């Protein structure tokens, strides 16, 4: 029957009680040793859908808020997919009314000294690294703004990273190393292109830099194409094969190269080359702004440890409580009828034929 397979709760009123759904092998036990008897009920499942199980879940319900605890990985998360697709198909309305949710176990556990922290996302993990890095940090330049910190610094750091992200998003089209150097090199103007002497010396300065900085076995060269409008060209020999990259009139006109220049404009305006960075007790002179940011991060991480979770079973029942099922701590996520739809589709996709 039902008793022996389900671990019910004291609460008798639906909409005041929540039913957890886990994979026996992953959290079946830990969930039970860490739940709260008052309002948390636990139904372990095993499956790829057991029919007896499917009659147990039906005979179960009662409970208004039903949580699905399952690993994020493709292999383990299947049990979640089978549920969503079974819901959408057999029970459409239950998903629509917002009764079904999806537990969101932390992806990280950061701890500095006595303090520990549970971070949900890789986006939140990024927000946390920036936060630490910046806290207590101030950048002393010789420019109009002797000290750059607080909200102002965050603006800079954000722009700098935004550019490096875009760089990596356009990496296949142009060498990552080159775009990084356009940031430091003076901007090339639509008007500048019309002149050849300025254009040639420019692309010469660029290439001349890349070569001196290159640690890997690569060879940079420059060439200027004459267009009846002068257009620079950067040829790179790597590894044994040389490819050439044209700086089209479009490129110099493109918003992508503008965001690179604007960044360089701010950086060059802040006299970054010569500066001091403190965070926050100590400081060290930096030759570049990125060298200052690398240093910030080296400080922020000095005494902390970071643990990544790959599965629920990695943590004790107590830990599982503090992270996933403690009302105050937990970070749940409700599923939409559009999400159950996608879970039905995925199940069918895996089922090439049936």
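Positions refer to the first chain, counted from 1.
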Checklist outcome for this item: Unresolved deposited positions lying between residue 47 and residue 48 come to 10 or more
Checklist entry - With respect to the recorded C-alpha B factors, which stretch has the higher mean value, 263-271 or 109-117? => result 109-117
Next on the checklist: I need to verify one thing: averaged over C-alpha atoms only, is the B-factor higher for 290-298 or for 49-57?
Outcome noted: 49-57
Checklist entry - Which one of 71, 122, 96, 244 shows the biggest C-alpha B-factor in the PDB entry? => result 96
Item to check | Deposited CA B-factor, highest of 131, 104, 90, 161 | outcome: 90
Next on the checklist: Per the entry's values, where does residue 62 land by CA temperature factor relative to the rest of its chain, in the lowest, middle or highest third?
Outcome noted: highest
Checklist entry - residue 19: which third of its chain by C-alpha temperature factor? => result lowest
Checklist outcome for this item: residue 226: C-alpha B-factor third of its chain, per the entry, is the highest
Next on the checklist: Split into thirds by Cα B-factor across the chain's modelled residues, where does residue 346 land: lowest, middle or highest?
Outcome noted: highest
Checklist entry - With respect to C-alpha B-factor, does residue 236 fall in the lowest, middle or highest third of the chain as deposited? => result middle
